[PDB]
Trainee: 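Attaching a single structure in structure tokens format; questions to follow.
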Number of protein chains: 2
Amino acid sequence: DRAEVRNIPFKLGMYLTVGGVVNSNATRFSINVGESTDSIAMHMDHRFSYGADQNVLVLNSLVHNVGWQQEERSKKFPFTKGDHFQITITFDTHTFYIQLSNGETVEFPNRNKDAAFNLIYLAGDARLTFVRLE
Amino acid sequence: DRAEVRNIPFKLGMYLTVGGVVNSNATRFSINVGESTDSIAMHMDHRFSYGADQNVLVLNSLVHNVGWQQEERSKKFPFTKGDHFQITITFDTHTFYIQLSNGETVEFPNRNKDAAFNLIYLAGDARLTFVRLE
Ligand SMILES: OC[C@H]1O[C@@H](O[C@H]2[C@H](O)[C@@H](O)[C@H](O)O[C@@H]2CO)[C@H](O)[C@@H](O)[C@H]1O
Ligand SMILES: OC[C@H]1O[C@@H](O[C@H]2[C@H](O)[C@@H](O)[C@H](O)O[C@@H]2CO)[C@H](O)[C@@H](O)[C@H]1O
């Protein structure tokens, strides 16, 4: 089952740091910040091989009973199957600030202007090893 | 709903630190380390007023489809309704090492000799504000 932190509010100004390991033959895994598995304010998918996407990040939001909004992509991909990764996220009213394993950064809009989130979870072909939310 | 960290293995040698706030009129709240809401290796209940228990800690384990084992109690109680608390837990094969808000400590046996746990959760009349598991 997915790895998740639930009902510990991730509030404006706090930092989230997750560490984990990518599966050896992973297709893709995502890190997700939102309210539920059907309501995601920041989805960041790490695609090793998914349709036409090879070694790319795909970011988006998921709206409950509505679906996926406008995707954003990054070619930054310091991720390796079988190896550890670390991701750090913080946000303000307008922007999610994401930092990747190698120090490179991606930003994604806070489309609802949310000030807090009650669910963080990893899905797909990876596992989490540690978390700091504070 | 309860506050929980699920499927991020709390392994031998790692530290868990949780911060939160006690509800103003709290009866009791617990911090729980185990596998499920019916399988708890270390339950630590903070009882402000519960039956005959006033301002006491009660620790125990809960075995799936079996029930509560032998309780252990502590009179250490540096907890106040409406106020923040912080708890730090680590364990080895035989012992859970718990440190309370004021630096006082409680120990509780690792009765199954478990080396890892997939569920941490808070229940009852409090809320969590931060977590470190690493
Ligand atoms: O937008 C994130 C979302 O993508 C879905 O896949 C998209 C894919 O990125 C797009 O190229 C194709 O046109 O449509 C697919 C279906 O919506 C993933 O399925 C989904 O899990 C999220 O990762
Ligand atoms: O053992 C922890 C467990 O206690 C239950 O309450 C006990 C109570 O401590 C004991 O004094 C009384 O003899 O039996 C009660 C019922 O088992 C709590 O109900 C339970 O939630 C845990 O906190």
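Below, read A as the first sequence line, B as the second, and so on, with proteins coming before strands; counting in each chain starts at 1. What you see below is based on every heavy atom in this structure, not just the backbone, and it leaves out hydrogens, waters and symmetry mates.
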Trainee: Measure from the ring center of B:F77 to the ring center of B:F48 and say whether it is less than 6.0 Å.
Mentor: yes

Trainee: Could you tell me if the side chain of B:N60 sits less than 4.5 Å from the side chain of B:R111, heavy atoms only?
Mentor: yes

Trainee: For A:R6 versus A:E4, what's the shortest heavy-atom pair and its separation?
Mentor: NH2-OE1, 2.9 Å

Trainee: What's in the same ILVMFWY side-chain cluster as A:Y121, cut-off under 4.5 Å, chained through other members?
Mentor: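 A:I40, A:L62, A:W68, A:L119, which link up through side-chain heavy atoms under 4.5 Å apart, make up the rest of the cluster.
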
Trainee: Nearest 0.5 Å please: distance from the CG atom of A:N7 over to the CG atom of B:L128.
Mentor: 9.5 Å

Trainee: In the structure I gave you, are the side-chain heavy atoms of B:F96 and B:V33 within less than 4.5 Å of one another anywhere?
Mentor: yes

Trainee: Heavy atoms, side chains only, cut-off 4.5 Å: are A:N110 and A:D92 in contact?
Mentor: no

Trainee: Quick check: do B:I89 and B:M42 have side-chain heavy atoms less than 4.5 Å from each other?
Mentor: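 A side-chain contact exists here, since the closest heavy-atom pair is under 4.5 Å.
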
Trainee: To the nearest 0.5 Å, how far apart are CD in A:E107 and CD in A:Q99?
Mentor: 9.5 Å

Trainee: Testing the basics here: between A:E35 and A:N118, what is the closest heavy-atom pair and its distance to 0.1 Å?
Mentor: OE2-N, 2.9 Å

Trainee: Parallel, tilted or perpendicular, judged at 30° and 60°: which one describes the rings of B:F79 and B:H46?
Mentor: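 Plane angle over 60°, so perpendicular.
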
Trainee: Between A:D83 and A:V21 (side chain of the first, backbone of the second, donor and acceptor by atom type, cut-off under 3.5 Å), is there such a pair?
Mentor: no

Trainee: Under the salt bridge (charged side-chain N to carboxylate O under 4.0 Å, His left out) rule, collect the residues that match up with A:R73, sequence neighbours excluded.
Mentor: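 Partners of A:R73 under the salt bridge (charged side-chain N to carboxylate O under 4.0 Å, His left out) test: A:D53, A:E71.
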
Trainee: I'd like to know if the side chain of B:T95 and the backbone of B:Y97 have a donor-acceptor N/O pair within less than 3.5 Å.
Mentor: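 Such a contact is absent between B:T95 side chain and B:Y97 backbone.
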
Trainee: Test side chain to side chain contact (heavy atoms under 4.5 Å, CB included) on B:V106 and B:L57; report intermediate values, then the result.
Mentor: CA-CA 9 Å; B:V106 173; B:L57 295 177; 4.2 Å; yes

Trainee: Before we go on, tell me: are the rings of A:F130 and B:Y15 under 6.0 Å apart, centre to centre?
Mentor: no

Trainee: Quick check: closest heavy atoms across B:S61 and B:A41, and the distance to 0.1 Å?
Mentor: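 Taking B:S61 first and B:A41 second, the nearest heavy atoms are CB-O, 3.7 Å.
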
Trainee: Can you list everything that forms a ring-ring contact (aromatic ring centres under 6.0 Å, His included) with A:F10? Sequence neighbours excluded, please.
Mentor: A:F91

Trainee: Taking the side chain from B:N112 and the backbone from B:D114, do they hold a donor-acceptor pair closer than 3.5 Å?
Mentor: no

Trainee: Which value, rounded to the nearest 0.5 Å, describes the distance between B:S49 atom OG and B:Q54 atom CD?
Mentor: 5.5 Å

Trainee: Would you name the heavy atoms of A:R2 and A:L122 that are closest together and state the gap between them?
Mentor: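 Nearest pair, atom of A:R2 first, then A:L122: CB-O, 3.2 Å.
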
Trainee: If we ignore angles and hydrogens, is there a donor and acceptor under 3.5 Å between the side chains of A:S30 and A:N32?
Mentor: yes

Trainee: Taking all atoms of both residues into account, what is the closest heavy-atom pair of B:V131 and A:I8, and its distance?
Mentor: CG1-CD1, 3.9 Å

Trainee: Calculate, to the nearest 0.5 Å, the distance between atoms CZ and OG belonging to B:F117 and B:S39 respectively.
Mentor: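 Result: 9.5 Å between the selected atoms.
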
Trainee: Side chains of B:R127 and B:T129: does their closest heavy-atom pair fall under 4.5 Å?
Mentor: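 Touching, per the 4.5 Å side-chain cut-off.
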
Trainee: Is the shortest side-chain heavy-atom distance between A:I98 and A:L100 below 4.5 Å?
Mentor: yes

Trainee: Rounded to the nearest 0.5 Å, how far does NZ of A:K81 lie from CG of A:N23?
Mentor: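 Output value for this atom pair is 10.5 Å.
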
Trainee: Tell me, do B:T17 and B:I87 make a side-chain contact under 4.5 Å, heavy atoms counted?
Mentor: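 With C-beta onward as the side chain, the pair stays apart.
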
Trainee: If every non-hydrogen atom of A:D45 is compared with every non-hydrogen atom of A:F29, which pair is closest and at what distance?
Mentor: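 That closest heavy-atom pairing would be OD1-O, 3.2 Å.
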
Trainee: Working to the nearest 0.5 Å, report the span between CG of A:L12 and OG1 of A:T90.
Mentor: 8.0 Å

Trainee: Are B:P109 and B:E72 side-chain neighbours, meaning at least one heavy-atom pair lies under 4.5 Å?
Mentor: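 B:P109 vs B:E72: side chains touch.
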
Trainee: Is there a donor-acceptor contact under 3.5 Å from the side chain of B:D125 to the main chain of B:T27?
Mentor: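 Judged by distance alone, yes, a pair lies under 3.5 Å.
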
